[PDB]
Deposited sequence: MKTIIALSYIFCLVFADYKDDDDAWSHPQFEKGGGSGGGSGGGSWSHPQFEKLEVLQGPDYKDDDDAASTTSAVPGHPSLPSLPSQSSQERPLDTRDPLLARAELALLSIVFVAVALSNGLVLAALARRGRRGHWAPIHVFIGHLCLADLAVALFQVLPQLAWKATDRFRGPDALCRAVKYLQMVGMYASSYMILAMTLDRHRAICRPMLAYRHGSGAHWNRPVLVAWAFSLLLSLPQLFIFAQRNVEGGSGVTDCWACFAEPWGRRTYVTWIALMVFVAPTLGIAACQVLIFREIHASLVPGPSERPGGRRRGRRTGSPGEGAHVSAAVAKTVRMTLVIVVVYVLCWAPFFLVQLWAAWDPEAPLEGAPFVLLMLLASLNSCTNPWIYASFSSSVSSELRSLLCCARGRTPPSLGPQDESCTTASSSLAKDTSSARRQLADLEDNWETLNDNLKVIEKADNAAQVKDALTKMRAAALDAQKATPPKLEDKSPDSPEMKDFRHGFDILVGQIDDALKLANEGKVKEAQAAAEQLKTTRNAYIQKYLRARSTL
């Protein structure tokens, strides 16, 4: 009966993973009707594909082995191991690819998914000579050797690398659709680490100093948790299934420009106009320096030139003409500063 219970748990895990990832892939395919080859779609699609490979070659072998008393089948006997390890590498390499893409999204304006796939495939090639006939043994010391290799390549090294990349991501963010997608990738990383930490912890333990099925189950739960996190974050797939500091400086300088415009339009004489335009000049140069740069600084060139025209009119005693020249600043602001403010939805 306990064997049947283990069979039931494994079959349920297989169902959850295969169904969630197939549904996410179907939602992405349906979005494909709109030409939405968005960068995030291919990454999460191949992440779900990696979770599908995991489900098909981690749970199914386990199910077939729990039935009768071994994985009946030698070429396939080791091929299963190869594919399994392929999925084990991909389950973190796709997250690393996503974190790299989120880094890029706030940097200079597919290849990395194929890079992750190539790593997950090549780094599993030893499984085609480690395991061989009855059932397959990993004979050859070999325990700490391959255990350390697997624990580092699959879990520890990509965890620290992705941590460094996420620190770089906050580095560029700190210096908000991208922030939301960064948070999604962060939740994916956290779930991956929590699911897989005890697995390699005890593997290395046995490796240097000599009930695993519970850890296999908890680890495999990550490949069903990921797609639902993505569905929670991504509005398109959810529908189908049913910079910062520079921006703050820009906001401060634009608020200063607006307050100076308020001072100008209510001004009575040339002196207040000149003072407010002086503050306008300072604020506009400061904003022109900050990054949301060709059309940005060009728009601020126009703003400063209009401020200068208003200053020339004010110095000649033409207060009202200076006020009109300052009113042109509202037109320039609406033309350019609003577009630059729109960058806050990307952050």
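Q: Where does the model have holes with respect to the deposited sequence?
A: Residues lacking C-alpha coordinates: 1-98, 172, 209-220, 245-253, 261-263, 299-327, 363-369, 402-435, 486-497.
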